[PDB]
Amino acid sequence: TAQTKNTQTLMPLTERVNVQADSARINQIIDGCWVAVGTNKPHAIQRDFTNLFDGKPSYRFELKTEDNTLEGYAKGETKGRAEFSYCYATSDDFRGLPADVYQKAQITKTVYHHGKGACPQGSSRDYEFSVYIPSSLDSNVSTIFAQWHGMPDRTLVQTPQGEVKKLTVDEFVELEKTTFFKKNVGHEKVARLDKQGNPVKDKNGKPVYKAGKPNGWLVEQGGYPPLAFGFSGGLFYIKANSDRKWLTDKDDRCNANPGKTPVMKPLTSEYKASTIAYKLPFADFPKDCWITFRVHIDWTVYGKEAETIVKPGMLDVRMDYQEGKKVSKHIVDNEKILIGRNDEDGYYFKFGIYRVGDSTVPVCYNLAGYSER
């Protein structure tokens, strides 16, 4: 290859923030309102000066076949991620607080709870964003391009004796000194030891540990997104999830498959629901043009420790695009639906690529034009 690459049309954006565990620095924030999460390969996220949305650069996301960097549920499964998050904290957000507050928020993974861009429990919000799906996108991709997640606080725990309780941050910080967490499961924290019997340290002198046996503690971590827009099995779909349990049970994998679950017939467990609100065959999803989605969500209201449904939620979605003339398809019409999570804290938006279902089919598309109110 002898042609010098044109690097004017695309600009890699490679800064990444673990929003639960770290504040975003000013020079990591994109357009004053986003931070990026996931793989930092230069091609993963780029500002696109050629495909403009409303006259301004859009965002091109790409995962190649080899770009799954995350472990999936079952052994042998991987997932890939390159997303923007609308919710993150900055240094400014901790102004006025004691010196140790930020470090304890890092340990409890509650940093972004101090930042902008979240919607509280039981509230209502309108969201709008646009997507551009290239005609080259494989119809068998398995990817989520917009999703709204909950924000559980892992200081809600279950003790080894089975009590669900809220630890103070200081209590959780003490527990973390003795417990190694693998996702939501506590394990005895054991120091790795070198051949002389001394604690192992990495090249920088940080003590290294590993998980011993499970120690009975569980923490509220992870969970399905309450709302996701994606492609799977040759379908565009919109999926809403609900969990009314106070401490989510991670072994309850209530997740509707759009190829198996009829539209608006919820898959339910004792505490969870997963509903496919809309499906469209892949070939019918417009290509090589900007599609604007307008989404209204009334989040389900849950009864906290009572685990009740206090008020159902509601989802409304319109899909607008050029058809010569602007048309607006009312793809989800004011549907009463269970949508949300029974947590103290609320919900935040991401868009980009979250490649799921143990897929390595390449994904590439553009996103732009986000707003919420």
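A residue's number is simply how far along the shown sequence it sits, counting from 1.
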* Please count the deposited residues lying between residue 323 and residue 324 that the model leaves without coordinates, and give the class: none, 1 to 3, 4 to 9, or 10 or more. => 1 to 3
* Structure fact -> Mean B factor on CA atoms, stretches 58 to 66 and 326 to 334, record says higher is 326 to 334
* Asked: Comparing 73 to 81 with 112 to 120, where is the mean C-alpha B-factor higher?
  -> 73 to 81
* To do: Between 234, 258, 150, 286, let me know which has the highest C-alpha B-factor in the entry?
  => 258
* Of the choices 138, 176, 170, 92, which one's C-alpha carries the largest B-factor in the record? -> 92
* Asked: So where's residue 371 on the chain's Cα temperature factor ranking, which third?
  -> middle
* **Chain third (lowest, middle, highest) by recorded CA B-factor, residue given as residue 352** => lowest
* **Chain third (lowest, middle, highest) by recorded CA B-factor, residue given as residue 204** => highest
* Ranked by Cα temperature factor within the chain, is residue 308 in the lowest third, the middle third or the highest third? -> highest
* Sorting the chain's modelled residues by C-alpha B-factor, tell me whether residue 339 ends up in the lowest, middle or highest third. => lowest
